[PDB]
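Dropping upload.csv in here (CSV, C-alpha atoms and all ligand atoms):
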chain,number,residue,atom,x,y,z
A,1,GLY,CA,-225.9,-84.7,85.4
A,2,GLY,CA,-225.5,-88.5,84.9
A,3,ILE,CA,-223.9,-91.5,86.5
A,4,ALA,CA,-220.8,-93.3,85.1
A,5,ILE,CA,-220.4,-97.0,86.1
A,6,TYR,CA,-217.6,-99.5,85.9
A,7,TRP,CA,-218.6,-103.0,84.7
A,8,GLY,CA,-216.6,-106.1,84.2
A,9,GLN,CA,-214.8,-107.0,87.4
A,10,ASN,CA,-217.3,-109.3,89.1
A,11,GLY,CA,-219.1,-112.1,87.1
A,12,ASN,CA,-222.1,-111.9,89.5
A,13,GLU,CA,-222.8,-108.2,88.8
A,14,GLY,CA,-225.1,-109.0,85.8
A,15,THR,CA,-224.6,-108.7,82.0
A,16,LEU,CA,-223.6,-105.5,80.3
A,17,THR,CA,-227.0,-105.5,78.6
A,18,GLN,CA,-228.7,-105.7,82.0
A,19,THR,CA,-226.4,-103.1,83.5
A,20,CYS,CA,-227.4,-100.5,80.8
A,21,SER,CA,-231.1,-101.6,80.9
A,22,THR,CA,-231.3,-100.3,84.5
A,23,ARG,CA,-231.7,-96.8,83.0
A,24,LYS,CA,-229.5,-95.4,85.8
A,25,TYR,CA,-226.2,-95.1,84.0
A,26,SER,CA,-225.2,-92.6,81.3
A,27,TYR,CA,-221.7,-94.0,80.8
A,28,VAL,CA,-220.2,-97.5,81.1
A,29,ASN,CA,-216.5,-98.2,81.4
A,30,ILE,CA,-215.6,-101.8,80.6
A,31,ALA,CA,-212.9,-102.9,83.1
A,32,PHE,CA,-210.2,-103.8,82.3
A,33,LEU,CA,-207.6,-104.1,79.5
A,34,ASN,CA,-205.1,-104.6,82.3
A,35,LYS,CA,-202.2,-105.9,80.2
A,36,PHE,CA,-200.4,-104.1,77.3
A,37,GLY,CA,-197.3,-102.2,76.4
A,38,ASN,CA,-193.6,-103.2,76.3
A,39,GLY,CA,-194.2,-105.8,73.7
A,40,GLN,CA,-196.8,-107.7,75.7
A,41,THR,CA,-199.9,-109.1,73.9
A,42,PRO,CA,-202.8,-106.9,75.0
A,43,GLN,CA,-205.2,-108.9,77.3
A,44,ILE,CA,-208.6,-108.0,78.7
A,45,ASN,CA,-209.9,-109.2,82.0
A,46,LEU,CA,-213.6,-109.3,82.7
A,47,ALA,CA,-213.5,-111.5,85.8
A,48,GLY,CA,-216.0,-114.3,85.7
A,49,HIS,CA,-218.0,-112.8,82.9
A,50,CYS,CA,-216.3,-114.4,80.0
A,51,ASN,CA,-212.9,-115.8,78.9
A,52,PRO,CA,-211.5,-113.6,76.1
A,53,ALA,CA,-209.6,-116.5,74.6
A,54,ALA,CA,-210.9,-117.7,71.2
A,55,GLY,CA,-213.4,-114.9,71.0
A,56,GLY,CA,-215.0,-116.0,74.2
A,57,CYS,CA,-215.9,-112.4,75.1
A,58,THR,CA,-217.0,-111.3,71.7
A,59,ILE,CA,-220.6,-111.7,73.0
A,60,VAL,CA,-220.0,-108.5,74.9
A,61,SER,CA,-220.6,-106.6,71.6
A,62,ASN,CA,-224.3,-107.3,72.1
A,63,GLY,CA,-224.2,-105.4,75.4
A,64,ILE,CA,-222.2,-102.6,73.9
A,65,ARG,CA,-224.7,-102.1,71.1
A,66,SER,CA,-227.6,-102.4,73.5
A,67,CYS,CA,-226.1,-99.7,75.6
A,68,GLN,CA,-225.3,-97.4,72.6
A,69,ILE,CA,-228.8,-97.5,71.1
A,70,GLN,CA,-230.0,-96.4,74.6
A,71,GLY,CA,-227.7,-93.3,74.2
A,72,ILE,CA,-225.1,-94.6,76.7
A,73,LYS,CA,-221.5,-94.1,75.8
A,74,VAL,CA,-219.3,-97.2,76.4
A,75,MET,CA,-215.5,-97.0,76.9
A,76,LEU,CA,-212.8,-99.6,77.2
A,77,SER,CA,-210.9,-98.9,80.4
A,78,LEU,CA,-207.1,-99.3,80.3
A,79,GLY,CA,-205.3,-100.2,83.5
A,80,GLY,CA,-207.0,-100.7,86.8
A,81,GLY,CA,-205.8,-101.7,90.2
A,82,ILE,CA,-204.2,-104.9,88.9
A,83,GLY,CA,-202.1,-105.5,85.8
A,84,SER,CA,-198.7,-105.2,84.1
A,85,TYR,CA,-200.0,-102.5,81.7
A,86,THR,CA,-197.4,-99.9,80.8
A,87,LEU,CA,-195.8,-97.8,78.0
A,88,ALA,CA,-192.1,-98.2,77.4
A,89,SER,CA,-191.8,-95.3,75.0
A,90,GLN,CA,-193.6,-93.0,72.6
A,91,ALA,CA,-193.4,-95.7,70.0
A,92,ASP,CA,-195.2,-98.0,72.4
A,93,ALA,CA,-197.9,-95.4,72.8
A,94,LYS,CA,-198.3,-95.4,69.0
A,95,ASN,CA,-198.5,-99.2,68.8
A,96,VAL,CA,-201.0,-99.4,71.6
A,97,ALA,CA,-203.1,-96.7,70.0
A,98,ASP,CA,-203.1,-98.5,66.6
A,99,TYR,CA,-203.9,-101.7,68.4
A,100,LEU,CA,-206.8,-100.1,70.2
A,101,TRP,CA,-208.1,-98.6,67.0
A,102,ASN,CA,-208.1,-101.9,65.1
A,103,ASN,CA,-209.4,-104.0,68.0
A,104,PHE,CA,-211.9,-101.8,69.8
A,105,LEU,CA,-212.5,-98.8,67.6
A,106,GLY,CA,-213.1,-98.1,63.9
A,107,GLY,CA,-210.2,-100.2,62.8
A,108,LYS,CA,-210.1,-103.8,61.6
A,109,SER,CA,-209.0,-107.0,63.3
A,110,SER,CA,-209.7,-110.8,63.0
A,111,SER,CA,-209.4,-111.0,66.8
A,112,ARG,CA,-211.3,-108.1,68.4
A,113,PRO,CA,-211.5,-109.1,72.1
A,114,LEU,CA,-215.0,-107.8,72.7
A,115,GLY,CA,-216.4,-108.4,69.2
A,116,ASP,CA,-217.3,-106.3,66.2
A,117,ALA,CA,-219.0,-103.6,68.1
A,118,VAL,CA,-217.2,-100.2,68.0
A,119,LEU,CA,-216.6,-98.6,71.4
A,120,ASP,CA,-217.3,-94.9,71.9
A,121,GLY,CA,-213.9,-94.2,73.4
A,122,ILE,CA,-211.0,-95.1,75.7
A,123,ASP,CA,-210.9,-94.7,79.4
A,124,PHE,CA,-207.6,-94.1,81.2
A,125,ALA,CA,-207.4,-95.8,84.6
A,126,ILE,CA,-203.7,-95.7,85.0
A,127,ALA,CA,-202.7,-96.1,88.7
A,128,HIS,CA,-199.2,-97.6,88.6
A,129,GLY,CA,-196.3,-98.6,86.4
A,130,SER,CA,-195.1,-96.0,83.8
A,131,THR,CA,-195.8,-92.3,84.4
A,132,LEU,CA,-194.7,-91.5,80.9
A,133,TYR,CA,-196.2,-91.4,77.4
A,134,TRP,CA,-199.8,-91.5,78.4
A,135,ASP,CA,-200.2,-88.0,76.9
A,136,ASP,CA,-198.8,-89.5,73.6
A,137,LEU,CA,-201.4,-92.3,73.8
A,138,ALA,CA,-204.2,-89.8,74.3
A,139,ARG,CA,-203.0,-87.7,71.3
A,140,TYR,CA,-202.7,-90.6,69.0
A,141,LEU,CA,-206.1,-92.0,69.9
A,142,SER,CA,-207.7,-88.6,69.5
A,143,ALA,CA,-206.3,-88.1,66.0
A,144,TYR,CA,-208.3,-91.2,64.8
A,145,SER,CA,-211.4,-89.1,65.3
A,146,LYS,CA,-210.5,-87.3,62.1
A,147,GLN,CA,-211.6,-90.4,60.2
A,148,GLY,CA,-215.2,-89.7,60.8
A,149,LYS,CA,-216.3,-91.1,64.2
A,150,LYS,CA,-215.1,-89.3,67.3
A,151,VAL,CA,-213.0,-91.4,69.7
A,152,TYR,CA,-213.9,-90.2,73.1
A,153,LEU,CA,-211.3,-89.9,75.8
A,154,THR,CA,-212.1,-90.3,79.5
A,155,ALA,CA,-209.9,-90.6,82.6
A,156,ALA,CA,-210.2,-92.0,86.1
A,157,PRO,CA,-207.3,-90.2,88.0
A,158,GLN,CA,-207.2,-90.6,91.7
A,159,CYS,CA,-208.1,-87.4,93.6
A,160,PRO,CA,-204.5,-86.3,94.6
A,161,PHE,CA,-203.9,-83.4,92.2
A,162,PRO,CA,-202.0,-83.4,89.9
A,163,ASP,CA,-202.3,-87.1,89.2
A,164,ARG,CA,-198.9,-88.6,89.0
A,165,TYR,CA,-199.8,-90.8,86.0
A,166,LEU,CA,-202.5,-88.9,84.1
A,167,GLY,CA,-201.4,-85.3,84.9
A,168,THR,CA,-199.7,-84.6,81.6
A,169,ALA,CA,-202.3,-86.5,79.5
A,170,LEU,CA,-205.1,-84.3,81.1
A,171,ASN,CA,-203.1,-81.2,80.4
A,172,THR,CA,-203.5,-81.8,76.6
A,173,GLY,CA,-207.2,-80.8,77.0
A,174,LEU,CA,-208.2,-83.7,74.9
A,175,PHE,CA,-210.3,-85.5,77.5
A,176,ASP,CA,-214.1,-85.4,77.3
A,177,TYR,CA,-215.0,-86.9,80.7
A,178,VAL,CA,-212.9,-87.0,83.8
A,179,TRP,CA,-214.2,-89.0,86.8
A,180,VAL,CA,-211.8,-88.3,89.6
A,181,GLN,CA,-211.6,-91.1,92.2
A,182,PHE,CA,-212.3,-89.6,95.6
A,183,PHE,CA,-211.5,-92.7,97.5
A,184,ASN,CA,-208.5,-94.9,98.7
A,185,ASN,CA,-206.9,-91.4,99.2
A,186,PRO,CA,-207.4,-90.0,102.7
A,187,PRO,CA,-206.1,-86.4,101.9
A,188,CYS,CA,-208.8,-85.8,99.3
A,189,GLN,CA,-211.7,-88.1,100.2
A,190,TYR,CA,-214.6,-88.0,102.6
A,191,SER,CA,-214.0,-88.7,106.3
A,192,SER,CA,-216.7,-89.1,108.9
A,193,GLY,CA,-218.3,-85.7,109.4
A,194,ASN,CA,-215.7,-84.0,107.2
A,195,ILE,CA,-216.3,-82.9,103.6
A,196,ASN,CA,-213.6,-80.3,103.6
A,197,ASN,CA,-210.9,-82.5,102.0
A,198,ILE,CA,-213.2,-83.7,99.2
A,199,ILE,CA,-214.6,-80.3,98.4
A,200,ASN,CA,-211.1,-78.7,98.5
A,201,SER,CA,-209.9,-81.4,96.2
A,202,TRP,CA,-213.0,-81.0,93.9
A,203,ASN,CA,-212.1,-77.3,93.6
A,204,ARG,CA,-208.5,-78.1,92.5
A,205,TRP,CA,-209.8,-80.4,89.7
A,206,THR,CA,-212.5,-78.1,88.5
A,207,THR,CA,-210.4,-74.9,88.4
A,208,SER,CA,-207.4,-76.4,86.5
A,209,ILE,CA,-207.5,-78.9,83.6
A,210,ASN,CA,-209.6,-78.3,80.5
A,211,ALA,CA,-212.0,-81.3,80.1
A,212,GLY,CA,-215.5,-81.7,78.8
A,213,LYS,CA,-217.0,-82.6,82.2
A,214,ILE,CA,-215.7,-83.6,85.6
A,215,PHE,CA,-217.4,-86.2,87.7
A,216,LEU,CA,-217.3,-87.1,91.4
A,217,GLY,CA,-216.0,-90.7,91.6
A,218,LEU,CA,-217.0,-92.7,94.7
A,219,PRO,CA,-217.2,-96.3,96.0
A,220,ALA,CA,-220.7,-97.7,95.6
A,221,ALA,CA,-220.4,-99.4,99.0
A,222,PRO,CA,-218.0,-99.7,102.0
A,223,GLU,CA,-216.7,-103.0,100.5
A,224,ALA,CA,-215.9,-101.4,97.2
A,225,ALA,CA,-212.8,-99.7,98.6
A,226,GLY,CA,-210.4,-99.6,101.4
A,227,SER,CA,-211.7,-96.2,102.5
A,228,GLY,CA,-213.6,-93.1,101.3
A,229,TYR,CA,-217.2,-94.4,101.2
A,230,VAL,CA,-219.8,-91.7,101.6
A,231,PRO,CA,-223.3,-92.5,102.9
A,232,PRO,CA,-226.0,-91.6,100.3
A,233,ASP,CA,-227.6,-89.0,102.6
A,234,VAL,CA,-224.4,-87.2,103.2
A,235,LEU,CA,-223.6,-87.1,99.5
A,236,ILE,CA,-227.1,-85.7,98.7
A,237,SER,CA,-227.4,-83.2,101.5
A,238,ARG,CA,-223.8,-82.1,102.0
A,239,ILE,CA,-221.7,-82.7,98.8
A,240,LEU,CA,-224.0,-82.5,95.8
A,241,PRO,CA,-225.5,-79.1,96.7
A,242,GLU,CA,-222.0,-77.7,96.4
A,243,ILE,CA,-220.3,-79.4,93.5
A,244,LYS,CA,-223.3,-79.2,91.2
A,245,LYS,CA,-222.8,-75.4,91.2
A,246,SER,CA,-219.7,-75.9,89.1
A,247,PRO,CA,-220.3,-75.5,85.4
A,248,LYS,CA,-217.9,-78.4,84.8
A,249,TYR,CA,-220.0,-80.7,86.9
A,250,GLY,CA,-220.8,-83.8,84.8
A,251,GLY,CA,-222.2,-86.1,87.5
A,252,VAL,CA,-221.1,-89.0,89.6
A,253,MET,CA,-219.0,-92.1,88.9
A,254,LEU,CA,-219.3,-95.3,90.8
A,255,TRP,CA,-217.1,-98.3,91.5
A,256,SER,CA,-218.7,-100.5,90.8
A,257,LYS,CA,-221.8,-102.2,89.3
A,258,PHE,CA,-221.5,-105.2,91.6
A,259,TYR,CA,-221.3,-103.1,94.8
A,260,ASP,CA,-223.9,-100.7,93.5
A,261,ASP,CA,-226.6,-103.4,93.4
A,262,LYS,CA,-225.5,-104.7,96.8
A,263,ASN,CA,-225.7,-101.3,98.5
A,264,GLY,CA,-228.4,-99.8,96.2
A,265,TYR,CA,-226.3,-96.6,95.9
A,266,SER,CA,-227.3,-95.2,92.4
A,267,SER,CA,-230.9,-96.2,93.2
A,268,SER,CA,-230.8,-93.7,96.1
A,269,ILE,CA,-228.8,-90.8,94.5
A,270,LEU,CA,-229.8,-90.9,90.8
A,271,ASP,CA,-232.4,-88.2,90.9
A,272,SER,CA,-230.1,-85.9,92.9
A,273,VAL,CA,-227.2,-86.3,90.4
B,301,LIG,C1,-210.9,-97.2,87.7
B,301,LIG,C2,-210.0,-97.9,88.7
B,301,LIG,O1,-208.8,-97.6,88.8
B,301,LIG,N1,-210.7,-98.7,89.5
B,301,LIG,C3,-210.0,-99.2,90.7
B,301,LIG,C4,-210.4,-100.7,90.9
B,301,LIG,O2,-209.6,-101.5,90.0
B,301,LIG,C5,-210.2,-101.3,92.3
B,301,LIG,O3,-211.0,-102.5,92.4
B,301,LIG,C6,-210.4,-103.7,92.3
B,301,LIG,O4,-210.0,-103.9,90.9
B,301,LIG,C7,-209.4,-105.2,90.6
B,301,LIG,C8,-209.0,-105.2,89.2
B,301,LIG,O5,-208.1,-104.1,88.9
B,301,LIG,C9,-210.3,-106.3,91.0
B,301,LIG,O6,-209.6,-107.6,90.8
B,301,LIG,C10,-210.4,-108.6,90.2
B,301,LIG,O7,-210.9,-109.4,91.3
B,301,LIG,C11,-211.9,-110.3,90.8
B,301,LIG,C12,-212.5,-111.0,92.1
B,301,LIG,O8,-211.6,-111.7,92.8
B,301,LIG,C13,-211.3,-111.3,89.8
B,301,LIG,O9,-212.4,-112.0,89.2
B,301,LIG,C14,-212.2,-113.4,89.0
B,301,LIG,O10,-211.5,-113.5,87.8
B,301,LIG,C15,-211.1,-114.9,87.4
B,301,LIG,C16,-210.3,-114.9,86.2
B,301,LIG,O11,-209.2,-114.1,86.3
B,301,LIG,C17,-212.4,-115.7,87.3
B,301,LIG,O12,-212.1,-117.1,87.1
B,301,LIG,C18,-212.7,-117.8,86.1
B,301,LIG,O13,-214.0,-118.2,86.5
B,301,LIG,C19,-214.7,-118.9,85.5
B,301,LIG,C20,-216.1,-119.3,86.1
B,301,LIG,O14,-216.7,-118.1,86.6
B,301,LIG,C21,-213.9,-120.2,85.1
B,301,LIG,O15,-214.6,-120.8,84.0
B,301,LIG,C22,-212.5,-119.8,84.6
B,301,LIG,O16,-211.8,-121.0,84.4
B,301,LIG,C23,-211.8,-119.0,85.7
B,301,LIG,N2,-210.5,-118.6,85.3
B,301,LIG,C24,-209.6,-118.4,86.3
B,301,LIG,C25,-208.3,-117.7,85.8
B,301,LIG,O17,-209.7,-118.6,87.4
B,301,LIG,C26,-213.3,-115.6,88.5
B,301,LIG,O18,-214.6,-116.2,88.3
B,301,LIG,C27,-213.5,-114.1,88.9
B,301,LIG,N3,-214.3,-114.0,90.1
B,301,LIG,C28,-215.4,-113.3,90.1
B,301,LIG,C29,-216.1,-113.0,91.4
B,301,LIG,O19,-215.9,-112.8,89.1
B,301,LIG,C30,-210.5,-110.6,88.7
B,301,LIG,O20,-209.7,-111.5,88.1
B,301,LIG,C31,-209.6,-109.5,89.3
B,301,LIG,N4,-209.2,-108.6,88.2
B,301,LIG,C32,-207.9,-108.6,87.8
B,301,LIG,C33,-207.5,-107.7,86.6
B,301,LIG,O21,-207.0,-109.3,88.4
B,301,LIG,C34,-210.7,-106.2,92.5
B,301,LIG,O22,-211.7,-107.2,92.8
B,301,LIG,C35,-211.3,-104.8,92.8
B,301,LIG,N5,-211.6,-104.7,94.2
B,301,LIG,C36,-212.8,-104.3,94.6
B,301,LIG,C37,-213.0,-104.2,96.1
B,301,LIG,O23,-213.7,-104.0,93.8
B,301,LIG,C38,-210.7,-100.3,93.3
B,301,LIG,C39,-210.5,-100.8,94.8
B,301,LIG,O24,-211.1,-100.0,95.7
B,301,LIG,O25,-210.1,-99.1,93.2
B,301,LIG,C40,-210.5,-98.4,91.9
B,301,LIG,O26,-209.9,-97.2,91.9

Spit out the file's structure as structure tokens when you get a sec.
Amino acid sequence: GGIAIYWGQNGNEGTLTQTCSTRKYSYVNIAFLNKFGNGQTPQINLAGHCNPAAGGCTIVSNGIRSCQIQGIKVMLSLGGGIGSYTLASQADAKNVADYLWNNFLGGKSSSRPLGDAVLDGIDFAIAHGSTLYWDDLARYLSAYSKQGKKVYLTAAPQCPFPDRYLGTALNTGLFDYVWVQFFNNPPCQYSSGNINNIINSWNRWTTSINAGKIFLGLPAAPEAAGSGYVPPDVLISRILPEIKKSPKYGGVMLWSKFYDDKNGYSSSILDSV
């Protein structure tokens, strides 16, 4: 399979171009558009990378294009651990979808946050706030694919199944890639010497929802999360030999680029993925 990586939440983690040039990642999720819905003006946060104001982050289009010519799919990630993002109604889901189309996809806007580049799809990283209308957002975004270029849909639900926020959206069967986050959740993550909870959780996710491919989401280092880190050797010798048997296995997802370089995680597991 391949490795999905989250980029954008630490200005010291290198440029998007450099991130994709590593040749270790097959998918890149730009984190995050952490503010939108309920009449709020959508706002993107890319840590210390760039200030989105006055097209200060339009330079990112160079990284997006650089990744795409290298066959890497790049998605805009909605939500994240911090933000006032939400959906007040189905009408809100429509407005956000139309906004996303014109500002990140094949639509048109004089103020596209990340430039003129056209993202491959949208990533759902909904962790809090509204538990409703995310299935509507997915449906509206997916319909835009009928205009010629497919709008990919990906999701980063936490490992507890079903996910309280993305459960219904995932039930639509419209998602291409689902990287379940097996961390910051004791009941379904790795614990010292115990892989039972993570494997058991993996089985729930791969024998339920209809998605293109399912990935094993993990923290790139102990610092990347409150808990759930898995040493490279354990992942390679105990976990991968099992989950790779599943025909839905798509690979591994890591949070994040910054911690990945610091701990050299993907550098150690890439060939086994
Ligand atoms: C898929 C998923 O759900 N993933 C989650 C994941 O979200 C969790 O990780 C945590 O995510 C949150 C975001 O949701 C991370 O929060 C980051 O934290 C950054 C570090 O503190 C912070 O970056 C700072 O951003 C400032 C702007 O807001 C930057 O300041 C600017 O600096 C410029 C010079 O560099 C200067 O010119 C500007 O004037 C100045 N502007 C301002 C306003 O100060 C600052 O430089 C930058 N710092 C760095 C180091 O880049 C982000 O703002 C903040 N994001 C948000 C949206 O608030 C949090 O760090 C993540 N934690 C970890 C451990 O990774 C993850 C947790 O395990 O769970 C996953 O499931």

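Near residue 236 (chain A), within 12 Å and counting only C-alpha atoms, sit residues 230, 231, 241, 242, 243, 244, 252, 265, 266, 268, 269, 270, 271, 272 and 273 of chain A; same-chain residues fewer than 5 positions away were not included.
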
Grab the residues selected above and save them as a PDB file, keeping the file's coordinate frame with C-alpha atoms.
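Everything below was put into out-v7.pdb:
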ATOM      1  CA  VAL A 230    -219.800 -91.700 101.600  1.00  0.00           C
ATOM      2  CA  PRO A 231    -223.300 -92.500 102.900  1.00  0.00           C
ATOM      3  CA  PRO A 241    -225.500 -79.100  96.700  1.00  0.00           C
ATOM      4  CA  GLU A 242    -222.000 -77.700  96.400  1.00  0.00           C
ATOM      5  CA  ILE A 243    -220.300 -79.400  93.500  1.00  0.00           C
ATOM      6  CA  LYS A 244    -223.300 -79.200  91.200  1.00  0.00           C
ATOM      7  CA  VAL A 252    -221.100 -89.000  89.600  1.00  0.00           C
ATOM      8  CA  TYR A 265    -226.300 -96.600  95.900  1.00  0.00           C
ATOM      9  CA  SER A 266    -227.300 -95.200  92.400  1.00  0.00           C
ATOM     10  CA  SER A 268    -230.800 -93.700  96.100  1.00  0.00           C
ATOM     11  CA  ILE A 269    -228.800 -90.800  94.500  1.00  0.00           C
ATOM     12  CA  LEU A 270    -229.800 -90.900  90.800  1.00  0.00           C
ATOM     13  CA  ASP A 271    -232.400 -88.200  90.900  1.00  0.00           C
ATOM     14  CA  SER A 272    -230.100 -85.900  92.900  1.00  0.00           C
ATOM     15  CA  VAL A 273    -227.200 -86.300  90.400  1.00  0.00           C
TER      16      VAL A 273
END

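For residue 164 (chain A), the non-local neighbours within 12 Å, defined as residues at least 3 positions apart in the same chain or in other chains and counting all atoms listed in the file, are residues 125, 126, 127, 128, 129, 130, 131, 132, 134, 157, 158, 159, 160, 161, 167, 168, 169 and 170 of chain A.
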
* Asked: Quick one: residues within 6 Å of region 2-13 of chain A, all atoms listed in the file counted, chain neighbours fewer than 4 positions away excluded, as a ChimeraX atom specification?
  -> /A:25-31,46-49,251-258

Write a file of the selected residues as a PDB file, keeping the file's coordinate frame, keeping C-alpha atoms.
ATOM      1  CA  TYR A  25    -226.200 -95.100  84.000  1.00  0.00           C
ATOM      2  CA  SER A  26    -225.200 -92.600  81.300  1.00  0.00           C
ATOM      3  CA  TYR A  27    -221.700 -94.000  80.800  1.00  0.00           C
ATOM      4  CA  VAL A  28    -220.200 -97.500  81.100  1.00  0.00           C
ATOM      5  CA  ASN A  29    -216.500 -98.200  81.400  1.00  0.00           C
ATOM      6  CA  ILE A  30    -215.600-101.800  80.600  1.00  0.00           C
ATOM      7  CA  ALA A  31    -212.900-102.900  83.100  1.00  0.00           C
ATOM      8  CA  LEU A  46    -213.600-109.300  82.700  1.00  0.00           C
ATOM      9  CA  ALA A  47    -213.500-111.500  85.800  1.00  0.00           C
ATOM     10  CA  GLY A  48    -216.000-114.300  85.700  1.00  0.00           C
ATOM     11  CA  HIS A  49    -218.000-112.800  82.900  1.00  0.00           C
ATOM     12  CA  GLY A 251    -222.200 -86.100  87.500  1.00  0.00           C
ATOM     13  CA  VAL A 252    -221.100 -89.000  89.600  1.00  0.00           C
ATOM     14  CA  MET A 253    -219.000 -92.100  88.900  1.00  0.00           C
ATOM     15  CA  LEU A 254    -219.300 -95.300  90.800  1.00  0.00           C
ATOM     16  CA  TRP A 255    -217.100 -98.300  91.500  1.00  0.00           C
ATOM     17  CA  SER A 256    -218.700-100.500  90.800  1.00  0.00           C
ATOM     18  CA  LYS A 257    -221.800-102.200  89.300  1.00  0.00           C
ATOM     19  CA  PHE A 258    -221.500-105.200  91.600  1.00  0.00           C
TER      20      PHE A 258
END

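Shortest atom-to-atom contact with residue 109 (chain A) among A:55, A:84, A:172, A:238: A:55, counting all atoms listed in the file.
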
* Structure fact -> Restricting to all atoms listed in the file, whichever of A:44, A:87, A:60, A:225 is closest to residue 165 (chain A) is A:87

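The closest residue to residue 94 (chain A), picked from A:142, A:197, A:61, A:111 and counting all atoms listed in the file, is A:142.
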
* Selected residue, from A:104, A:133, A:259, A:140, that lies nearest to ligand LIG 301 (chain B) when counting all atoms listed in the file -> A:259

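Candidate residues A:14, A:81, A:71, A:37 were compared for distance to ligand LIG 301 (chain B), and the nearest is A:81, using all atoms listed in the file.
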
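In this structure, CA of residue 136 (chain A) sits 29.1 Å away from atom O22 of ligand LIG 301 (chain B).
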
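Among the candidate residues A:90, A:38, A:185, A:147, the one lying nearest to ligand LIG 301 (chain B) is A:185, with distances computed using all atoms listed in the file.
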
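All residues of protein, DNA or RNA that reach within 10 Å of residue 39 (chain A), judged by all atoms listed in the file and not counting those fewer than 2 positions away in the chain, are residues 36, 37, 41, 42, 86, 87, 88, 92, 95 and 96 of chain A.
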
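Coordinates place atom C22 of ligand LIG 301 (chain B) at a distance of 25.1 Å from CA of residue 100 (chain A).
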
* Asked: Interatomic distance between atom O13 of ligand LIG 301 (chain B) and CA of residue 15 (chain A)?
  -> 14.9 Å

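Residue neighbourhood of residue 83 (chain A), excluding near-sequence residues (fewer than 3 positions): residues 34, 35, 79 and 80 of chain A, at 7 Å, using only C-alpha atoms.
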